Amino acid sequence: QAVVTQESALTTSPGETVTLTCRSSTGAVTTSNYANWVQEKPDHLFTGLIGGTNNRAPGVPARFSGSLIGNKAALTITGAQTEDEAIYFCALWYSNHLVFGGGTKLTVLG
């Protein structure tokens, strides 16, 4: 099956704008993949953030946004907060089946 790859770990500082990416072994990630992003905070607390590439779920902070950057899907956090330290997973659709990336642990130092 497709392999969806994310950075294993990223470190940022408070207030920075940071982008996490999501690539596919198949080639370019396109809007036809309907990329989505999920956040796992400590104690296994999952929240959906983004779907359909760029649509923010209701109530998610506006500092989260989704896009395509080149041939990857991307999650941008505009002004990283302490509480954004979490694992971020992306997932891509192929033939009505979802494939998760391996997740990126975002460390925010401060």
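Heads up: residue numbers just count along the shown sequence, starting at 1.
Once the C-alpha B-factors are averaged per stretch, 58-66 and 41-49 rank with 41-49 first. The question of which stretch, 87-95 or 10-18, has the higher mean Cα B factor is settled in favour of 10-18. Ranked against the other modelled residues of its chain, the C-alpha B-factor of residue 82 as given in the entry falls in the highest third.
The entry lists a Cα temperature factor for residue 5 that places it in the middle third of the chain's modelled residues.
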